[PDB]
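Below: one structure, written as structure tokens.
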Amino acid sequence: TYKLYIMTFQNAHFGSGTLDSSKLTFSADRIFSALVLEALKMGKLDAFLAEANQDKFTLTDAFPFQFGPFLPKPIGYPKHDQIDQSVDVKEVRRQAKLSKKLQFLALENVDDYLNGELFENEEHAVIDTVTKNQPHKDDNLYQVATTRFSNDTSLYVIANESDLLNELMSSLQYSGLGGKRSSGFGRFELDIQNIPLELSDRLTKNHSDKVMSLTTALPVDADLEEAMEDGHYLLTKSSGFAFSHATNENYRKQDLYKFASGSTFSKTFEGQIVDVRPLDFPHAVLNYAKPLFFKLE
RNA sequence: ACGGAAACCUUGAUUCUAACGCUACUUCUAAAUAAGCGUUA
């Protein structure tokens, strides 16, 4: 809610379940895990844990940044109250398909999207697959997907201004983000920018109006009811193998189903640093689900 | 405590074999090392 962190990538790989799958943008649990690993490699893991335990710490999923912050399409607002038209069915289905394909909108027109206007996606990155082999066992021919960006398009997140977070981001920018980081993917250059006046006044965390989430956040059990009755959302898995320097064998962490972005709700909630570690495991596995919200008209 | 870790698009291959810058064409055609002896004595 304080800064507007920008990460300019050249090549990246954000696996969505397979080595040959790469999403355009990553989720906040991935960057929180990356921060946790960088902090533990630094040695100042306890300070970052204490900072994350505070309610001031807020993080959001990466969104596209092309001469202005972008926001995920608010799932649950194709509402006919602003899209009531007398056009033919062909144009109605064409605009429905165009809105379904849309995933990100520029900040300057997000409310315009809520006025019935129709916008198209913009060229942000090309996702291409590369085949690689192992020239000692002539059976492995594995494919890796990338997210090669273009047109000065970066990724951005919103988080509090902290010196520990600043230095952690600076160490992240030479350590990569997601995927085969020691192969030419994930690396970025960081820039710190101020939140625009048209955006900072909308980033909220505590009130009872229509809020669109910015983080893949699973609410606490106390207030899930309000997200169930009057909440529009999408369900995203967070499975995978838990990285661990303490166990020789790789353990699958517990599959957890969160709420995607931008899921719309009628009231805000509280996130969880949920322990997705398997049983009998020495150290925790922290999954970050803490929402930053956006007010709607 | 990042659907993540590890992984060479790698090994072997001669732009090589055959093929006369060759066939025909006189440095040729006429031509005396030769002509004039004045005037004075």
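Here is how names work: the chains are called A, B, and so on, in the same order as the sequence lines, proteins then strands, and each is numbered from 1.
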In this structure, how many angstroms lie between the [atom2] atom of [N] and the [atom1] atom of [X], rounded?
X	N	atom1	atom2	result
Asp29(A)	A1(B)	CG	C1'	11 Å
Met42(A)	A1(B)	CE	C1'	15 Å
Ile273(A)	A1(B)	CD1	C1'	11 Å
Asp275(A)	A1(B)	CG	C1'	10 Å
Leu172(A)	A1(B)	CG	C1'	14 Å
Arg30(A)	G4(B)	CZ	P	5 Å
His245(A)	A6(B)	NE2	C1'	13 Å
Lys23(A)	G3(B)	NZ	P	10 Å

Are OP1 or OP2 of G3(B) and a side-chain N or O of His13(A) less than 4.0 angstrom apart? no
Taking the side chain of [X] as heavy atoms from C-beta outward, which of [options] is closest to it?
X	options	value
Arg252(A)	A1(B), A7(B), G3(B)	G3(B)
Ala242(A)	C2(B), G4(B), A1(B)	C2(B)
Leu177(A)	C2(B), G4(B), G3(B)	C2(B)
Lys237(A)	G3(B), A7(B), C2(B)	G3(B)

In whole Å, what separates the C1' atom of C28(B) from that of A32(B)?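 Here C28(B) and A32(B) have their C1' atoms 23 Å from each other.
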Assess the side chains of [X] and [Y]: does a donor N or O sit below 3.5 Å from an acceptor N or O?
X	Y	value
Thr216(A)	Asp61(A)	yes
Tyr142(A)	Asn133(A)	no
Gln143(A)	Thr129(A)	no

Polar side-chain atom of [X] near backbone of [Y] as donor-acceptor pair, under 3.5 Å:
X	Y	answer
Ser238(A)	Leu256(A)	yes
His13(A)	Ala145(A)	yes
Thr264(A)	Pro74(A)	no
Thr58(A)	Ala159(A)	no

Using a heavy-atom cut-off of under 4.0 Å over every strand shown, decide if [X] touches base, sugar-phosphate, or nothing.
X	answer
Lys253(A)	sugar-phosphate
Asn287(A)	nothing
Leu19(A)	base

Every protein N/O within reach of nucleotides 8-10 of chain B N/O, cut-off under 3.5 Å:
from  : atom 1 : to        : atom 2 : distance (Å)
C8(B) : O3'    : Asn133(A) : OD1    : 3.4
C8(B) : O2'    : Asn133(A) : OD1    : 2.8
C9(B) : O4'    : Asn133(A) : OD1    : 2.9

Is [N] north-puckered or south-puckered, judged from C1'-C2'-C3'-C4'?
N	answer
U11(B)	north
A7(B)	south
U10(B)	north

Check the orientation of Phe32(A) and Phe57(A). Use parallel for under 30°, tilted for 30 to 60°, and perpendicular for over 60°. tilted
Compare the aromatic ring of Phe243(A) with the six-membered base ring of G4(B) and state whether they stack according to the 5.5 Å and 30° rule. no
Syn within 90° of 0, anti beyond: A32(B) is syn
Syn/anti label of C25(B) as read from its glycosidic torsion, with the cut at 90° from 0: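 You should classify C25(B) as anti.
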If you take atom types as modelled and just measure distance, does the side chain of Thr18(A) reach the base of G3(B) with a donor-acceptor pair under 3.5 Å? no
